[PDB]
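Listed below, chain by chain, are the residues.
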Amino acid sequence: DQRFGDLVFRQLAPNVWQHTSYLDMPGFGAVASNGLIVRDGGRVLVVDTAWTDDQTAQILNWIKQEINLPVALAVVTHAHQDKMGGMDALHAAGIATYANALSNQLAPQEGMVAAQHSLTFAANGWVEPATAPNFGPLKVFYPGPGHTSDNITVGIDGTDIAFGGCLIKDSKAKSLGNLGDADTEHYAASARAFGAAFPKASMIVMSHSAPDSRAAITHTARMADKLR
Ligand SMILES: [O-]
Ligand SMILES: [Zn+2]
Ligand SMILES: [Zn+2]
């Protein structure tokens, strides 16, 4: 771990880092949220903001210090604060932003600023390629409704890594966390669909646990079986 102001950065693979930020959540504690930073040749790609604009500006500062290449785009994985709370900071920095069309639709009512561009998805869940131009190694997949109706996931080509966002919890998790906006009927199938989309991914990264094996996926789905 590298502490950088109030955030934490951890290298996961040669061109991939995890960013972590915290929100002191009244009546629960200081909740960590993770996203990703990927170097693709001469540019950087970001998955998820931090909780806040100030924290997200700090992610960009860290990138400037440790990579020193332009951030070409960011993709955010649903319309909750941990994933989209720093959209204004990305826009202030001139970074092109992307989210599920449904996330952009929901953003205002969720208290988020919408991304500039909307991703749409084929019936099988893969992003429609025209809506994710210049995504390089980022392979975006909509697994179905689970943690939220709009949750999306991202594999990183050239690595063993897939990112489940808030859909997936680690293999020792006691619960499925914040289910306030969850789809209880479809959660288990959506978790399994994420696994099936990225079958070779041996490192599963997620919002609220450290990176884990694929047991994160099986355990999450098995817990979600109890929601039905
Ligand atoms: O979330
Ligand atoms: Zn969420
Ligand atoms: Zn979350």
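Residues numbered from 1 in each chain as written, not as in the entry; some residues may be left out. Chains lettered and ligands numbered in written order. Heavy atoms only, no water.

Header annotation of the entry names X-ray crystallography as the structure determination method and lists the resolution as 0.9800 Å.

**A few points about the coordination of the zinc ion (ligand 2)**
The test is simple: Distances up to 2.8 Å from the metal define which N, O and S atoms are donors, and 3.2 Å serves for Na, K and Ca; water is absent from the atom set, so sites may look incomplete. Metal sites are grouped by the angles between bound donors: all angles between 85 and 135 degrees with four donors is tetrahedral, opposite donors over 155 degrees apart with the others between 65 and 115 is square planar for four donors and octahedral for six, and any other pattern is irregular. For the exposure calls, accessible area comes from a 1.4 Å probe over protein chains only, and a residue counts as buried if that area is under 20% of its type's maximum, exposed if over 50%, partly exposed in between.
The protein atoms that coordinate the zinc ion (ligand 2) are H78 (NE2), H80 (ND1) and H147 (NE2), at distances of 2.0 to 2.1 Å. Here the zinc ion (ligand 2) binds four donor atoms, and the angle range of 102 to 117 degrees at the metal identifies the geometry as tetrahedral. Mapped onto the sequence, the residues coordinating the zinc ion (ligand 2) show the spacing H-x1-H-x66-H. For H80, a relative accessible area of 11% puts it in the buried group. Looking at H147, the relative accessible area reads 3%, which means it is buried.

**Regarding the sheet that holds strand 10 (residues 153-156)**
Inclusion rule: We treat two strands as partners when DSSP finds at least two bridges between them. A run of H or I in DSSP counts as a helix once it spans at least four residues, and a run of E counts as a strand once it spans at least two, with each numbered from the N terminus. Interaxial angle, 0 to 180 degrees, is taken between N-to-C directions of lines fitted to C-alpha atoms, where a helix line uses only the stretch in contact. Pairs of residues are marked as contacts when any of their non-hydrogen atoms sit within 4.5 Å.
Read from one edge to the other, the open sheet built from four strands follows the order 9-10-11-12, with strand pairing classed as mixed. Unpaired on one side and paired on the other, strand 9 (138-141) and strand 12 (203-205) mark the two borders of the sheet. Averaged over all pairs of adjacent strands, the angle between strand axes in this sheet comes to 25 degrees, irrespective of strand direction. Where strand 9 lies against strand 10, four bridges are found, and the strand directions are antiparallel. Each residue of the ladder has a partner; that of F141, found in strand 10, is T153. Against the sheet, helix 5 (residues 187-197) makes contact with strand 9, strand 10, strand 11 (161-163) and strand 12, and its axis sits at roughly 150 degrees relative to strand 9, the strand it touches most.

**Some thoughts on the coordination of the zinc ion (ligand 3)**
Coordination of the zinc ion (ligand 3) by the protein comes from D82 (OD), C166 (SG) and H208 (NE2), over a distance range of 2.0 to 2.3 Å. By relative accessible area, which is 2% here, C166 ends up buried.

**Focus: the side chain of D212**
Where we set the bar: This count recognises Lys and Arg as positive and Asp and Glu as negative, with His and chain-terminal groups excluded. The working definition used for a salt bridge is a side-chain nitrogen of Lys or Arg within 4 Å of a carboxyl oxygen of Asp or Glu. Here a polar contact is recorded for every N or O atom pair within 3.5 Å, except that within protein the pair must consist of a potential hydrogen donor and a potential acceptor, and residues adjacent in sequence are included only if both atoms are side-chain atoms.
Looking at where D212 falls in the secondary structure, it is placed in the loop between strand 12 and helix 6 (215-225). It turns out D212 is buried and unbridged, and the closest side chain with the opposite charge, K172, is 4.4 Å from it. Here the side chain of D212 touches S171 through a polar contact of 2.7 Å, side chain to side chain. Sequence-distant contacts of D212, that is, excluding residues within four places in its chain, are made with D170, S171, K172, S202, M203, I204 and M206.

**Looking at helix 5**
Burial in helix 5 covers these residues: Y187, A188, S190, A191, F194, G195 and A197. Against strand 9, strand 10, strand 11, strand 12 and helix 6 lie the buried residues of helix 5.

**Some words on the UniProt feature "binding site: Zn(2+) 1" in the protein chain**
Spelled out, the test is: UniProt positions are given in the numbering used here, feature names are shortened, and annotations may be inferred rather than shown by experiment.
Look at the UniProt record and you will see "binding site: Zn(2+) 1" annotated at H78, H80 and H147. Spatial clustering of the annotated residues is evident: they stretch over 70 residues in sequence, but the largest pairwise C-alpha distance comes to 10.6 Å. Mapping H80 onto the fold places it in the loop between strand 6 (71-76) and helix 2 (81-84). Apart from the residues lying within four places of it in its own chain, the contact partners of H80 are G85, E110, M112, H147, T148, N178 and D181. Examined against the element boundaries, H147 turns out to sit in the loop between strand 9 and strand 10. Look past the residues within four positions of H147 in its chain and what remains in contact with it is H78, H80, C166, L167, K169, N178, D181, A182 and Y187. Within the local environment of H147, its side chain forms a polar contact with the side chain of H80, the two groups lying 3.4 Å apart.

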